[PDB]
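These notes are about the structure you will find just below.
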Amino acid sequence: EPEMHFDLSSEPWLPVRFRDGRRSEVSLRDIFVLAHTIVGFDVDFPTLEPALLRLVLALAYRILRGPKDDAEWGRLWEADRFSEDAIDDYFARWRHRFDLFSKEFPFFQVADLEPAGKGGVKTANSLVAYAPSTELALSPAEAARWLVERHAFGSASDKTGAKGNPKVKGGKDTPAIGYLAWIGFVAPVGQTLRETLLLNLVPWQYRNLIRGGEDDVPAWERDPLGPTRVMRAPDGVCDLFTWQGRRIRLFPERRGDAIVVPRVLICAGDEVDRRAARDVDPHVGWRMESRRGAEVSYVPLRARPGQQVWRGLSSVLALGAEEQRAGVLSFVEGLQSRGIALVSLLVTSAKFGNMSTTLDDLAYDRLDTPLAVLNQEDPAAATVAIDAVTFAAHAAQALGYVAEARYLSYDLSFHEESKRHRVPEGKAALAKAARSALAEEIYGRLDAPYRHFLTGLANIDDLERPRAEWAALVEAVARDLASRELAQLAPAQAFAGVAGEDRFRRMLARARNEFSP
């Protein structure tokens, strides 16, 4: 029987969108050679994009042998494409490590991996992630994409014990969630994939932003792994970006002329030392959680699921005293003199339930952000952007007085007209849920206007004008919603509409004076 092979450097498996509109899969060689002709990744599931971007960045540092510094970065930015000769010299040296079905060095796999007991091998559908809320074999390209994703985004369900792992007890060895599932990921995206890769290729000289260097090598340059695992500090970004967080083996099968993957074994792998990750990783911001003398703990800053990403703009910009922005944003902040006005910030975060076994929520978004808003030297642009979010939040809160009007009482046991107009205790939880629903409705209406406002800050000198424009837009949206809700009141709730509208209008006026005097 002929040998099964699938060389990831020369076979198509990375879905991209081309500048001429084509949508197709490319090999790792073509994703570099054609990076200046590609818009970007065109993936099918949100966790795939950070995982595949970080894989491709680890490969870029190794192919380019840099950038070590600003001068090297500058010569890459000023060039129009990546060197085919650099790319082909690298893949000629390492393509014996890019075969998905190699019998000795299967890519991101353990060649001899076996279950510790009976039933550990599962159908290949277990490698596929599904939305936060079975016999289909995978193609080699699908399996490769999910393999890259699973090492980074796996859950504590990947507990199947591996033979030869002496940590196995009760037939299992339970891992932590994957490292990308743990961090709040943020990365800039340019107009082409080549720009995106360069915006993320922080030079090694930025020791405050990343750890990288000549000795920092990715997983496929290291000795292949076995069933044993460790907790280890990453050597740098190439190591971290290709972290073998799991121990996986694909079981391919020939079906006529097609190679497919019907089965897989997924076990616990290496854990990232979270203290060392903070020094290495440019795609995560941090908040200081506790300090006891010299002992300090940090937690990742996280895009909150269930809200539009600009509502958490202060968690992106990390402007509080206990917060530190993603090192990639500090790098991009210094690139205005290169002709870059805006970047699209890709944000992802995850939330798990049931002792880290189930993916309960996934935050995934893109925000078009001016480099002017990233400016910490002159903070006026960031200040108007954050203040505009605060004004939206105050308008949503003011609308609560109208949302609750249908539940308001006129209670004669109180002796002040303001205290008589109240929600009775038996309707408090319902009125609170109605206030939240009307707040969510105004945020949905302010989404496309906020994004337009934020993009417009890129080319404005006098920031008092967009501050006044945003104030009038939010008021107009808030009064339209208030008028619709008041018109729906039953006749016996007319008094509640009068009180509610007055409270809404006074609160809105107070917030308006604080935002745009």
Side-chain angles (χ1 to χ4, degrees), residues 304-317 365 367-369 373 381-410 417-418 421-423 427-457 460 463-491 493-517:
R304 178 178 252 160
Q307 70 179 198
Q308 296 89 349
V309 63
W310 53 271
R311 287 164 64 180
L313 180 57
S314 63
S315 73
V316 180
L317 302 184
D365 213 335
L367 186 62
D368 287 329
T369 308
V373 166
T383 300
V384 70
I386 293 291
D387 290 352
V389 175
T390 303
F391 187 56
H394 288 146
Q397 188 184 345
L399 278 170
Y401 295 115
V402 165
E404 75 186 7
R406 82 200 88 137
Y407 305 116
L408 210 75
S409 281
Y410 186 78
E417 192 64 0
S418 64
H421 291 87
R422 66 189 311 270
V423 175
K427 297 179 193 163
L430 176 55
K432 175 174 186 159
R435 294 197 296 270
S436 178
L438 194 58
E440 291 303 329
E441 189 161 9
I442 198 180
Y443 284 126
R445 287 272 285 281
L446 293 179
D447 182 61
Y450 186 80
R451 291 170 181 277
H452 186 240
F453 152 86
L454 176 65
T455 292
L457 301 182
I460 297 170
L463 297 154
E464 228 91 295
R465 190 174 303 271
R467 186 175 275 275
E469 291 164 0
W470 181 245
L473 186 148
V474 170
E475 284 198 270
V477 173
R479 288 171 136 264
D480 186 61
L481 282 170
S483 288
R484 184 196 75 188
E485 290 290 331
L486 296 163
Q488 293 252 49
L489 291 170
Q493 298 300 124
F495 81 96
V498 171
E501 187 171 6
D502 184 57
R503 291 163 171 182
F504 154 69
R505 186 200 88 249
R506 287 179 348 250
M507 179 165 173
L508 186 61
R510 197 181 293 279
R512 228 269 201 194
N513 182 61
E514 173 193 316
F515 177 51
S516 190

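We count residues from 1, following the sequence as given. Basis for what follows: all heavy atoms, side chains included, without hydrogens, waters or symmetry-related copies.
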Separation between CD (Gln307) and CG (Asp365), nearest 0.5 Å, reads 9.5 Å

Among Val384, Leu446, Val389, the one residue meeting side chain to side chain contact (heavy atoms under 4.5 Å, CB included) with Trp470: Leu446

So which pairs with a foot in residues 396-408 pass side chain to side chain donor-acceptor pair (under 3.5 Å), sequence neighbours left out? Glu404-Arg435, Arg406-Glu485

side-chain contact (heavy atoms from CB on, under 4.5 Å), that's the test. Do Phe453 and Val474 meet it? Break it down for me. CA-CA 11 Å; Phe453 152 86; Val474 170; over 6 Å; no

Check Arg484 with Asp480, please: is the shortest side-chain N to carboxylate O separation under 4.0 Å? no

Report, as yes or no, whether the 6.0 Å neighbourhood of atom CD on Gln488 holds more than 12 heavy atoms from other residues, nucleotides or ligands. no

Roughly how far, to the nearest 0.5 Å, is CZ of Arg451 from OG1 of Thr369? 9.0 Å

Take the angle between the ring planes of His421 and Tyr410 and call it parallel below 30°, perpendicular above 60°, tilted in between. perpendicular

Take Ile460 and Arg465 through the test side-chain contact (heavy atoms from CB on, under 4.5 Å) and record every step on the way to the result. CA-CA 9 Å; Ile460 297 170; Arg465 190 174 303 271; 5.5 Å; no

Counting only heavy atoms not in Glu501 (residues, nucleotides, ligands), do more than 12 fall under 6.0 Å from its CD? no

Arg479 backbone acceptor or donor facing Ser483 side chain under 3.5 Å: yes

Is it true that a side-chain atom of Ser436 and a backbone atom of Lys432 form a donor plus acceptor pair closer than 3.5 Å? no

Between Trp310 and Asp447, a side-chain donor and acceptor under 3.5 Å: yes

With a sphere of 6.0 Å drawn around CD of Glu464, does it hold more than 12 non-hydrogen atoms of other residues, nucleotides or ligands? no

